[PDB]
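Each residue of the first sequence is one higher than the one before, starting from 148 at the first, in the authors' numbering.
Beta carbons: idealized from backbone N, C-alpha and C, even for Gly.
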Amino acid sequence: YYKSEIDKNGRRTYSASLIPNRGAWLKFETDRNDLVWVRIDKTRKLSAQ
DNA sequence: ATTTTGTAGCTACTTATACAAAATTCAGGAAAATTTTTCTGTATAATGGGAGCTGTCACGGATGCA
Numbered sequence: 148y149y150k151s152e153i154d155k156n157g158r159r160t161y162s163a164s165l166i167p168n169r170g171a172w173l174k175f176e177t178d179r180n181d182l183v184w185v186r187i188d189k190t191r192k193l194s195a196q
């Protein structure tokens, strides 16, 4: 699923998120670069790749 | 005219004492008996775990900063 959202101004990132049935997750987004990070749990990770 | 009252009396007569050893039991001891708790070894070889959780807040900090 995807959830995007705003900053305090209107910087409107997005995200993404995955859920297995069972097993860990995979998170994504866009942090005022437009450039992104494969977070795993909440924000566990964060990699341009 | 007996009877109850007597008085002047005891003796029998029986508590009372106090001791008293004898019981007679009791407790504690002592084992000793034994039951239960401990202690120790074990030889092919063996060499990083488990989990997940993922929806407030705040604040003060937040040093960290670019």
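Query	Result
Backbone secondary structure at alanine 195 - three-state DSSP	coil
Alpha-carbon spacing of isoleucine 166 relative to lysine 192, whole angstroms	16 Å
Distance, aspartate 188 Cα to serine 162 Cα	13 Å
Sequence-distant residues of the same chain with beta carbon closer than 6 Å to residue 134, five excluded per side	Here the chain has residues from 148 to 196 only, and residue 134 is not among them.
Helix, strand or coil at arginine 159 according to DSSP, with G and I counted as helix	strand
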